[PDB]
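Undergrad: Model the structure of this input:
(2 chains, ligands or ions: 4)
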2 protein chains.
Amino acid sequence: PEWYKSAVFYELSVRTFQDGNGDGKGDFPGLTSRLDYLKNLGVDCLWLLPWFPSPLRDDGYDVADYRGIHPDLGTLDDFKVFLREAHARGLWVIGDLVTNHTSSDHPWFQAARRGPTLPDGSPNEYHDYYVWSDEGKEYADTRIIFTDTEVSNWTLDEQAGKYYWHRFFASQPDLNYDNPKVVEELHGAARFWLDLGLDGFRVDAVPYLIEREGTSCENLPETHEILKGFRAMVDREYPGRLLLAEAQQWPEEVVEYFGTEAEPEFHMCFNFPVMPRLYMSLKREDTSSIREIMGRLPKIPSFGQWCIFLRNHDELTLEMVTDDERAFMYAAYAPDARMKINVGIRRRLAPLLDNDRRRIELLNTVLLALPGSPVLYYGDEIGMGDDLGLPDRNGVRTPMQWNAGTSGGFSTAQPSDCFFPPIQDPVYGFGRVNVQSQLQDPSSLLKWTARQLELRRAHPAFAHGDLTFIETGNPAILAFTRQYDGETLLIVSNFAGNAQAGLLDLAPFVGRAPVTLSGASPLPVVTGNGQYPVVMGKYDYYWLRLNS
Amino acid sequence: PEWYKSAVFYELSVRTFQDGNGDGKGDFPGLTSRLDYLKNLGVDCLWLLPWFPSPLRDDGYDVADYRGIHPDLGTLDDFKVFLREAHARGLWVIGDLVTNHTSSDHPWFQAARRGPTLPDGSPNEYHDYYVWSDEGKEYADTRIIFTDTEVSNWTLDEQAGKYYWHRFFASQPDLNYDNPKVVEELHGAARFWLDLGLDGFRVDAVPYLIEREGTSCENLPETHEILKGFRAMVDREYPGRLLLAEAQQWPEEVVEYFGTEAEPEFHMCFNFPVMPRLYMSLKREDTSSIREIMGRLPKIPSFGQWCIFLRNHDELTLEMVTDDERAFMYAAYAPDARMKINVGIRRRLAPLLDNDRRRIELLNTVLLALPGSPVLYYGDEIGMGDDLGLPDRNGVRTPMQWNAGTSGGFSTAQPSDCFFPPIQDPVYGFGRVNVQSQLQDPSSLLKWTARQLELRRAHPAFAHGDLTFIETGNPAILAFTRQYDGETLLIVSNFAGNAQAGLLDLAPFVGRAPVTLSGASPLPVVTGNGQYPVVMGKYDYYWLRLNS
Ligand SMILES: [Ca+2]
Ligand SMILES: [Ca+2]
Ligand SMILES: [Mg+2]
Ligand SMILES: [Mg+2]
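TA: Numbers count the residues shown, from 1 in each chain, chains lettered A, B, ... in the order given. Ligands and ions are numbered 1, 2, ... in the order given. Structure data below:
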C-alpha cells in the first residue's frame, strides 16, 4: 500500500511548538531539535500549520505570500534543513495549502483593489483575481461560517469602490477560480513546495472554491473539477505525494472529495462525520450514533483513506449534526456559554473529558481502532488544557509544554512575551503537565499513547482491514471486527461510567478463541449459538484477536 | 457496634503534616488548621505518630517523657486545643503508646545506668527498670530486628559497667516488665492522656515486652498477661476507648493479641498477614496467596476488629513471609539496593505500583473491601512519592504537599530548612502532586479516594459483614462476598495487567440479580448451576450487590 495509509499523523503549529532563540515564537530550528521526540512517539508524518508570510489575522490561514517563510519561524534555509532532517528520520511532512482565499495584505489583492484599470489607463490584470460585485446582492442566502464575527460574505472595499466576496474574515478575500490565471497560481504555489521535497498538502476550505447563483455555494461540480485538476498535476509531476482534504460536510458529500477511480481528487479526507458522535456516545452512554453515521459512509476508492481525529487546531464543530444532537452537545460539553464559537466548542481534548484519563484512553483507542489513519493533535498526548481567555479558537493553540522550567521549556522568553502565553493553571499548567515529567513517569499518558501506537503498528488490520460492527445487546457497548490478511481483530469498548454487561453475536466465529493483543491471555472459546456474554468495567477497551 | 468498627483511620506525623509557625517543623497548631481537610476526606479517626519529647534518634519512638509534648510540636495547651477542635469535628484521635522501651535520654535510664546502688550506698530504685546482664550471653540467638544497624541485642553501657537489653536501637533500651513498678508506670502514662480526652492508643511493639530464656522472646504468655491487665484497666476506668496492637507476627500468633471473650486483650490488630500478599499477588497475577493467608486467620472475638492498611511510616516489612516469598518481593519491588532496609522495602505506595493509577485504585478498593477498618497513610490519597536520599525510613515521611507554593505549602520556610525536605522531583514533587491541584481537578486521585470512601460508608457490610471467598477458576481474579443485615455485596477484582475471564461459583445465589453499587447497572441473573462467566479489563474492580 501507499505510505499515508499506514501513517500516524501529528498536527503542530510551528509558531507554538519550540522556540529556538528566545524571541517568544516557535521556529524551524526549534522544531528540528524536537524531531526525536515525535519519532519516538510513533509519529510518521508531521502536518504543519500554515507557515507563510502573513499579518496573522487568522493565525496564518490569511496568506500574504505562498512562496516564503514567515519571519517569525525562521528562513527558507531553516525550513530546508528541517525538511532534510525529518526525512533523515523517516518522517514525512505535509504543509497546509490555503487555496480558497488570501490575506487582504497579499500583493495580488493590493493590486486588485485599485480598480479595473490602473492610473495610467492600462487594464489591471490582478482585478479579476478576486470576486467583485457592484452592490453585493449576488449569492444571497448562503451560509455565513464565522457567524459570530461576520454579518455578510460581502464587504465593501473603500478604495476599489465595490464589494468583494469572502467566506471567512473580511481580511481573507476569496480568490476567483473562474479566472484561469488563478488556478495556475495555485498549481505553481503547490509546485514550489513539492519541488523542495515536501510530501503533500492538507488543502484547506476546498468545498467553497466556486460560487454559483441559485446554489448553496458548496460542493459544486465545478469546484470538484478544479480539484480533479490538482490531483492530475500532482499525480503526473509528483508521484507518491499525498493530497488531504478538510471537508466539513455530511457523509454523502464528503466521499465526493475522493473522486473516483477514473477521475481522482483527494487521496485522503478528514472523517468529520464520526468525530462528534464519539463524544455524544460517551455522554449518552450509547454508541448507536457511531454505527449509524459510520454506515452512512460509502465505500471509497482503492487509493483513498479516511483520516480519523478527535480534536484539532479548530473548534469541535457542531455544524454537521442535527438541531437536537447539537443542543445536547452544548449541554454536555459547553457549560459556560463562552465555550461556544461558530457552531462548535473551543476546548482541548482533556478538559472536554473532565480530565478523566480512563475516558481519554477510551476515545484514543477508538481513534486508533477505527478505520483510517489517525491524527494526534499536539499536546493531547500529554493532556494539555485550554485558555478561553484567548480570543477565537486561540485558546487551544497555546505553546507546547516540555518541562516545568521557564514557559514550560517552550522558550527562554517569559510567558508574557510568548506569542501565546503558556498555560500555568493548577490543573493543566506546565508544572503539572509537561513532557519531561511524563517521560520519567512509568505510567504517564505520554507513555500510554506510545505503548498504544506500538500495539496498533503491530496489527496491520488496524490500518488496512475492513470494519464490521457486532451486535452487543447493550447500547453502551460498541463492538466491531477489523479483517485483513487473515487476521481478525475484535474491538469491544464500554462507553459507560460503570460496569456494563453485553452479549456479543460471534456466530461466524464459533470454535475460535479470542485472545488479548496485550499479553496473550486466553478468553473462553466461542461455542453453541455463538452468543458470547461479557462484562466490562467503566470505559474499558478490550483489544482482541480471533485465532483460527 | 463500637465506633472503631465503623471508623476510617488516617495516619499522620505531626512533625510532618503542616507547620504553623515557619520553623520548618510541623506542630499542633498547624495540624489544627488542616482538620477540615481530613473531615471532608471522609476520615473518622486520626492516628498520630509519637508526639513526646525525644532526641528523635528514631523519629519519636525513643521517648524521653511520656507525659509531655516535644518542643518542636508546640505545648500541652496547643495539644488540648487540637483535641478539642478534632472532637468538635466528629474526629476521634488515638496516640502511639511506646511501651516496650524508652530513650536512653529518659530520666529513668539516666538514673538506672548509675548501677544497682547509689554512691551513698542506698539501692537505686530505677536500676531494675531496664534489663541488665553482667556478660550479655542470656537470651542467646534471638532475632535482631534492625539488622542493618545492630549486631547484637545486648549493649555495654560504659557507666553501668554491664549490658542492657534492646530490641530496637542501642539508644532505645528495653523496659523490664518483670518489675511491677514498670507496669504501674505505663498504666500511669496511659491514664495521663486518656484523662485529657484521648480516644485510645496504638501500642507499639507488643510482642516484645517480656524476655524469657529458652524462647523466641516473641508472643510469650507472660507478655499477653500484661496486655490483658492493660485492657482490664481501660475497660474498667475508661470504657469505650480503643487499644490497637502493632503485632508483626504470623496469623496463628496475631489473633492471640485479641485475647478471649472471657479475657480480652486488644480491641484491634493490624492485618500484617494480608499486606505483603496484596503486592505479591499483583506482580504474579495470581491471588491464591491472599485467600490462603486469610484462611489461616482464626475467628476473632466479638469486640475485635481488623485494621487493614497498605503502607505506613515503616518500610514494607517482609519478616513474616517465607524465604522464597521475600526474595520474590525484592526482585519485583526493590530493583535498587538502596530500596531495602531491615528485611523490607522502604518505598511509598505510588512508587511501588509504578505510579499506575489503575493499580493504585485496585489496591485501595481491596483495602476498603476486605474485612476490617482501613487506615490511610497521609498523602497516599494524592499519590505522594518518596525521597530515598534520606536515611532509615525517613524517605516515606517527607512533608505533606498541600499546594505548589513555598515548600508545597507545608511551611513558609524554604525546602532546605524543613525537617525533611519536601519532594521536588519531576514526577511526584509538589509542583505536580498537591492537594490544591487535586481539589480543582475533577478526576484527581484525591477526589477518587473521597468518592470511594463515601461509597463504602453507604454500605455497612464493608465494615461489619462477614467474608466468603468465591471460586473464579482464574487465579488472576479474586472474588468474595460480604453479608450483613440482609445486604450481600459481591467484590470481583482483576489482578492481571490484561483482560481476564473467569467463571464464578455463585451457586448459593441462584435467582439473585447482580447490580453495581454505583448506578445499579444490571448484570445477567444467576441461573442454572450458577456458574457465572465474567470478563474484566486490566486491574478492574466490580463492586456489586446481589439483590435477593
Ligand atoms: Ca472560493
Ligand atoms: Ca522487652
Ligand atoms: Mg523564534
Ligand atoms: Mg512549627
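Undergrad: tell me the contacts of residue A:50?
TA: Residues in contact with residue A:50 (CB atoms under 8 Å, 6 or more residues apart in numbering or on different chains) are A:59-61, A:63, A:95-96, A:98. For every residue, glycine as well, the C-beta is placed using N, CA and C.
Undergrad: for residue A:123, same thing?
TA: A:116-117.
Undergrad: again, but for residue A:386
TA: Contacts of residue A:386 by CB under 8 Å, 6+ apart are A:346-348, A:351, A:395-396, A:398, A:423, A:428.
Undergrad: can I get the residues you listed in CSV with neighbour count and distance to ligand 2?
TA: Formatted as CSV, the contacts of residue A:386 follow (neighbours: other CB atoms under 10 Å in any protein chain shown; distance: CB to the ion, whole Å):
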residue, neighbour count, distance to ligand 2
A:346, 22, 68
A:347, 21, 63
A:348, 23, 61
A:351, 20, 58
A:395, 21, 66
A:396, 26, 66
A:398, 27, 63
A:423, 24, 58
A:428, 23, 55
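Undergrad: Among those residues, which are located in helices?
TA: residue A:351 (DSSP state H).
Undergrad: From residue A:412, how far out is the residue nearest the centre of chain A?
TA: Centroid-nearest residue in chain A, with CA atoms, centre = their mean: residue A:312, separated by 5.0 Å. According to CB to CB, to the nearest Å, residue A:312 and residue A:412 sit 29 Å apart.
Undergrad: who are the neighbours in contact with residue A:54?
TA: If you count contacts by CB under 8 Å, 6+ apart, residue A:54 has them with A:60, A:62-65, A:70, A:103, A:105.
Undergrad: wait, I meant residue A:88
TA: Residues near residue A:88 by CB under 8 Å, 6+ apart: none.
Undergrad: list the buried ones in the helix or strand residue A:110 falls within?
TA: If you go by DSSP states H and E, residue A:110 is part of helix A:107-112. Using 16 or more other CB atoms under 10 Å in any protein chain shown as the test for burial, helix A:107-112 gives A:108-109, A:111-112.
Undergrad: Same question for stretch A:246-261.
TA: A:246-249, A:251, A:254-259.
Undergrad: Kindly report the same for stretch A:39-51.
TA: Quick answer for stretch A:39-51 (16+ other CB under 10 Å): A:41-51.
Undergrad: quick one: which of these is nearest ligand 3?
TA: Compare each of these with ligand 3 using CB to the ion and the shortest gap goes to residue A:51, at 12.6 Å.
Undergrad: quick revisit: reformat the contacts of residue A:54 as TSV; add neighbour count and secondary structure.
TA: Output for those, formatted as TSV (neighbours: other CB atoms under 10 Å in any protein chain shown; DSSP: H, G, I helix; E, B strand; the rest coil):
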residue	neighbour count	secondary structure
A:60	24	coil
A:62	24	coil
A:63	26	coil
A:64	21	coil
A:65	17	coil
A:70	20	coil
A:103	26	coil
A:105	16	coil
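Undergrad: and which of the contacts of residue A:386 is nearest ligand 3?
TA: Ligand 3 lies nearest to residue A:398 out of the contacts of residue A:386, by CB to the ion, at 16.1 Å.
Undergrad: Can you name the residues that contact the residue nearest to the closest one when sequence neighbours are not counted?
TA: With sequence-adjacent residues excluded and distances taken as CB to CB, 6 or more residues apart in numbering or on different chains, residue A:398 is closest to residue A:420, at 5.0 Å. For residue A:420, the contact set (CB under 8 Å, 6+ apart) comprises A:16, A:387, A:390, A:394, A:397-399.
Undergrad: repeat for residue A:537
TA: A:494, A:499, B:536-537, B:540-542.
Undergrad: what's the answer for residue A:504, then?
TA: Contacts of residue A:504 by CB under 8 Å, 6+ apart are A:470-473, A:479, A:492, A:531-534.
Undergrad: hmm, 10 Å instead?
TA: Shown in contact with residue A:504 (CB atoms under 10 Å, 6 or more residues apart in numbering or on different chains): A:470-474, A:477, A:479, A:490, A:492, A:514, A:526, A:530-534.
Undergrad: before we move on, what about residue A:204?
TA: Contacts for residue A:204 (CB under 10 Å, 6+ apart) come out as A:49-50, A:61, A:96-101, A:244-246.
Undergrad: with those residues in mind, which one is nearest to ligand 3?
TA: Among the contacts of residue A:204, and counting by CB to the ion, the member closest to ligand 3 is residue A:49, at 15.3 Å.
Undergrad: wait, the closest one sits on residue A:93?
TA: No: counting by CB atoms under 10 Å, residue A:49 stays clear of residue A:93, with 12.0 Å between them.
Undergrad: Sitting in strands, which of the buried residues of stretch A:39-51 do you find?
TA: Among the buried residues of stretch A:39-51, the ones falling in strands (DSSP state E) are A:45-48.
Undergrad: still on that earlier bit, okay, the helix holding residue A:110 in CSV with CA atoms only?
TA: The C-alpha coordinates for helix A:107-112 follow below in CSV (Å, rounded to 0.1, in the frame of the first residue of the first chain):
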residue,chain,number,x,y,z
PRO,A,107,0.2,41.8,-3.2
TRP,A,108,-2.5,40.5,-5.6
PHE,A,109,-5.3,41.9,-3.5
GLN,A,110,-3.4,45.2,-3.0
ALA,A,111,-3.3,45.4,-6.8
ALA,A,112,-6.9,44.2,-7.4
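Undergrad: closest point of the stretch 351-500 of chain A to ligand 2, which residue?
TA: Proximity of the stretch 351-500 of chain A to ligand 2 (CB to the ion) peaks at residue A:442, 42.3 Å away.
Undergrad: Name the nearest residue to that residue, ignoring sequence neighbours.
TA: residue B:354 (4.1 Å).
Undergrad: My reading is that residue A:184 lies in a helix. Confirm?
TA: Yes: counting by DSSP: H, G, I helix; E, B strand; the rest coil, residue A:184 is located in a helix.
Undergrad: how far away is it from ligand 3?
TA: 34 Å (CB to the ion, to the nearest Å).
Undergrad: same check, this time on residue A:129
TA: Remark: distance between residue A:129 and ligand 3 (CB to the ion) = 33 Å.
Undergrad: looking at it, that residue is touching residue A:101, isn't it?
TA: No: counting by CB under 10 Å, residue A:129 stays clear of residue A:101, with 11.0 Å between them.
Undergrad: Quick check: neighbours shared by the two?
TA: A:109, A:173-175.
Undergrad: List the ones among those residues that fall in helices.
TA: Counting by DSSP H, those contribute residue A:109 to helices.
Undergrad: Do a quick rundown of the helices in the stretch 301-450 of chain A.
TA: Along the stretch 301-450 of chain A, counting by DSSP state H, counting those that start in this stretch, helices occupy A:323-333, A:349-352, A:357-369, A:435-440, A:445-457.
Undergrad: quick one: which of the ones you listed is nearest ligand 4?
TA: helix A:435-440 (30.8 Å).
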